[PDB]
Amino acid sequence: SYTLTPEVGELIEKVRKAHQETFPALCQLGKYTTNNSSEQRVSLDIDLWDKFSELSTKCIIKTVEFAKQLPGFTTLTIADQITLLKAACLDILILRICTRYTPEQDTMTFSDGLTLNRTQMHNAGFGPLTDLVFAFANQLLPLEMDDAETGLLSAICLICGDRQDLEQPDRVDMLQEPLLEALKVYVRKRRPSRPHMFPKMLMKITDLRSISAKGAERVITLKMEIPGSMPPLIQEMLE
């Protein structure tokens, strides 16, 4: 059956609106690339790192904008809101960028339209994570995720009562329940012949967390490699 309750349907629409408005789809986007450093892999290309660090700062700003529109998030303590965002930041950035992947040309497209190939992605800052992220993006395609599912999955990672240094974890748990429910029925309302899409989709979070964990370490190695410092917002977020 999989009927969509008005209460659930509204939640699903809030999340999708939140994702679309803070993260344009790959198709609804004019693209552009560059020429520099698209040849061979290198420890780090400054010109690219600069451009990439800017887009990251902006997408983090957007990530917060996305969070604030989520039901109940604003009603959390500031300390908890900040603890959640810092913990899920990479989870969401990776999940997002991985939905900007075009298989044929083997590229990732950022929000300004900038489209980088695997090599440039590596030279921009990803480095050791480049192959993990691209592999993950390839594991996503079979799921045929839309804006709503990509949104719910993001919110589910964000609203996680299983984060350390929280002061009201139980209330974060209650907030996540509807998100998990809305996802279950929505995922199956679209793929009624395959109910296994819900757990499979959910389990991709396990993999996401590991890549994200590697990400936190890459921030440390980059902070060593780069000339200047990390942009203030990056620093506040991952340090």
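Heads up: residue numbers just count along the shown sequence, starting at 1.
For the pair 14-22 and 224-232, the record assigns the higher mean C-alpha temperature factor to 224-232.
Legend: mean Cα B-factor per stretch from the PDB entry, 36-44 versus 174-182; the higher mean is in 36-44. Among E149, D131, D91, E144, the highest C-alpha B-factor in the deposited entry belongs to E144. The maximum CA B-factor among the listed residues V64, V187, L29, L208, taken from the PDB record, is found at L29. Placement of the Cα temperature factor of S154 within the chain: lowest third of the modelled residues, per the deposited record.
In the PDB entry, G113 places in the highest third of its chain by CA B-factor.
Remark: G127 belongs to the middle third of its chain, ranked by C-alpha B-factor as recorded. Ranked by Cα temperature factor within the chain, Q164 sits in the highest third according to the deposited record.
Sort the chain's modelled residues by C-alpha temperature factor and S193 lands in the highest third, per the entry.
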